[PDB]
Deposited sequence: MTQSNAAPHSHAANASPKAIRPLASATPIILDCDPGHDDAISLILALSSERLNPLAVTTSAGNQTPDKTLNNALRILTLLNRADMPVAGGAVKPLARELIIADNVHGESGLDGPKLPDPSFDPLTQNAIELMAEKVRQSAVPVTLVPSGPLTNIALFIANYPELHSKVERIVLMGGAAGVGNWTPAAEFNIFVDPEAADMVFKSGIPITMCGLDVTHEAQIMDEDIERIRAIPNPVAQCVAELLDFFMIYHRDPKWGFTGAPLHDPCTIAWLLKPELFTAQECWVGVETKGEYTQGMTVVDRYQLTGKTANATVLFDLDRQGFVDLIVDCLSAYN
């Protein structure tokens, strides 16, 4: 039940730190014949790297994709330590590659005729290492489509979103790289809420993978709706990256200058997004600000049907 990519599919590399949001992202990416996932690499944020790698293997096992090249990446942020303080996935059916993660990225990028899109959904540690170590491959990277950041209001500190906060230095390197970026930050993901009726649509999709996703969403309904945020349904974060790859017209986007703060007393990890063109600086990212929520749900339902 592996989905075969079209020859004309967008080649991508998925760099992720799964828990559960990432899991849904991987499930959506691997459901689409419009995408060609060349490899999965793992990052670490608030779980040990052994755990995120194991979780990636469990997700790939769920999807019967033991053929997917997978490698564990950096064990900690570039210049800081990890910040360590649900429903069950199947036990892994296979072992990961022992190959170094950015070596694996370079191999796939070098070998791909078509420039590759990097899709990180955790801290940007591995992406930064790749950018800094393989300058000759930048022309073979189409874009970096990342989940991270917030154009003003953080969810980890008042100024910073979690993925960026974990490794501000890595994020800084990404935004300075000159490679095209699409930033899917909290501004859009806060709007990507799943309602009860949306979960029931997903649960009605007649395959095991949809059942897994619906269970994850049930869990999010209970534990990802702290009333202080004022959510009606549970937001989905990481899957917004895949939705943008598949149907970018779902999104309100603007080309902006974005800087990552690495020096402030209170603001380390902030993405400073010049939405109102106050700085005069050249835009370095496509920043997503809103989405067609119903269209997003429709896309998820359509995607998961591929596993029927």
Deposited sequence positions missing from the model - stretches, numbered from 1, in order
1 to 17, 103 to 112
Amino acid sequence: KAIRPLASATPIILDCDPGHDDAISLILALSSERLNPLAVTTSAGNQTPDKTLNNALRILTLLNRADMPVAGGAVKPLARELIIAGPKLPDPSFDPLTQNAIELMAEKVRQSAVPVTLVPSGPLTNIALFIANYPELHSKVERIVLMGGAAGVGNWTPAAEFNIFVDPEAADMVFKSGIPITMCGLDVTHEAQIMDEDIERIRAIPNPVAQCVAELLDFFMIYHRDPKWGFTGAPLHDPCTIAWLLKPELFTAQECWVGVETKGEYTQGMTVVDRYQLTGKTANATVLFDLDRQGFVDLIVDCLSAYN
From here on, numbers count along this sequence of modelled residues.
Of 144 to 152 and 205 to 213, the stretch with the higher mean C-alpha B-factor in the deposited entry is 205 to 213
Mean B factor on CA atoms, stretches 76 to 84 and 128 to 136, record says higher is 76 to 84
Deposited CA B-factor, highest of 66, 44, 242, 27:
66
Sort 52, 277, 267, 271 by C-alpha B-factor from the entry and give me just the highest.
277
What third of its chain's C-alpha B-factors does residue 56 belong to: lowest, middle or highest?
lowest
Residue 258: C-alpha B-factor third of its chain, per the entry, is the lowest
Cα B factor band for residue 180 (lowest, middle or highest third within the chain):
lowest
Determine, from the deposited record, the chain-internal third of the Cα B-factor for residue 12: lowest, middle or highest.
lowest
Consider only the C-alpha atoms of the modelled residues in this chain, order them by B-factor as the entry records it, and name the third containing residue 115: lowest, middle or highest.
middle
